[PDB]
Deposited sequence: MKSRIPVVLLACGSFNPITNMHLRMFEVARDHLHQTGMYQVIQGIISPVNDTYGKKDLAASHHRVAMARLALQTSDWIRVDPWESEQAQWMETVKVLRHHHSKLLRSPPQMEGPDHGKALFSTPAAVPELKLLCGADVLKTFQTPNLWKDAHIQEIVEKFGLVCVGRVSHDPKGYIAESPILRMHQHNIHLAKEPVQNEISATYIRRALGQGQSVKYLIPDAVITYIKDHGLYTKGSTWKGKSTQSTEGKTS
């Protein structure tokens, strides 16, 4: 029969957008189309507030916006564990945690856009051993993005190439490069972002006065 799969998306979700959500749907249809997997759940894990140089809305709000965005989803939920930790946590550790949570066990795979695959090449960003454990022990489902060539990223990285069977490249013939950075700027200018991010998220942002100049 089919191997059960849980998809984990780690990211900022500042705020969660229709594209972040579309990523799950495209990935699920892709895995199902292979004939060997059955996606039983998706998890949105917002990053901790201590992360990066960029100023993010409080994780309390990013978790809230995801929960509200996911109310019309019957298979994707937000998990705040990662954001509730005292500090930022390398992605491989978040995978380990959720794998333990599942502990005939479904395979847990990291879901991301092709741009993340490119960041694996950034000096000192990801430890080689972590890249290895991510693709070998968990798996990667990557959704295409304009200007990125995942196939080449895989061919040019010895670690990815060696475990390419555990990397699933998905993509849809659509162009949807709405950036959350633009969303925040537009919101700051009083412009509409309706139909780019969920109606429920816009309501929360308005009610809590988020992303103001």
Where does the structure fail to cover the deposited sequence at the C-alpha level?
1 to 2, 106 to 125, 236 to 252
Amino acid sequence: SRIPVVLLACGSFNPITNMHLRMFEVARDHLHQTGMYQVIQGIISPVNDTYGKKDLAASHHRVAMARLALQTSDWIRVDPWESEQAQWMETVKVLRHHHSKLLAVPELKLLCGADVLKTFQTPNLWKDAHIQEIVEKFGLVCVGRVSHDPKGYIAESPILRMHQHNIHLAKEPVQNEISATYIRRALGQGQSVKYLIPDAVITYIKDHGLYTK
From here on, numbers count along this sequence of modelled residues.
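Just so we're on the same page, rigid core means the largest C-alpha set that superposes within 1.5 Å between forms.
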RMS Cα shift after core superposition in 5 other deposited structures of this protein, winner of 173 to 181 and 40 to 48:
173 to 181
Comparing 23 to 31 with 51 to 59, which has C-alphas lying farther from the shown form in 5 other deposited structures of this protein once the core is aligned?
51 to 59
When the other PDB entries of this protein are compared, is residue 104 left blank in at least a third of them?
yes
Residue stretch of maximal mean CA temperature factor, 69 to 77 vs 122 to 130:
122 to 130
Averaging only over Cα atoms, indicate whether 171 to 179 or 33 to 41 has the higher B-factor in the PDB entry.
171 to 179
Please pick out which of 152, 46, 188, 52 has the largest Cα B-factor as recorded in the entry.
52
Binned into thirds over the chain's modelled residues, the C-alpha B-factor of residue 111 lands in the lowest
Taking only the Cα B-factors deposited for this chain, tell me whether residue 159 sits in the lowest, middle or highest third.
middle
So where's residue 56 on the chain's Cα temperature factor ranking, which third?
highest
Using the B-factor values recorded in the entry, state whether the Cα atom of residue 6 falls in the lowest, middle or highest third among the modelled residues of its chain.
middle
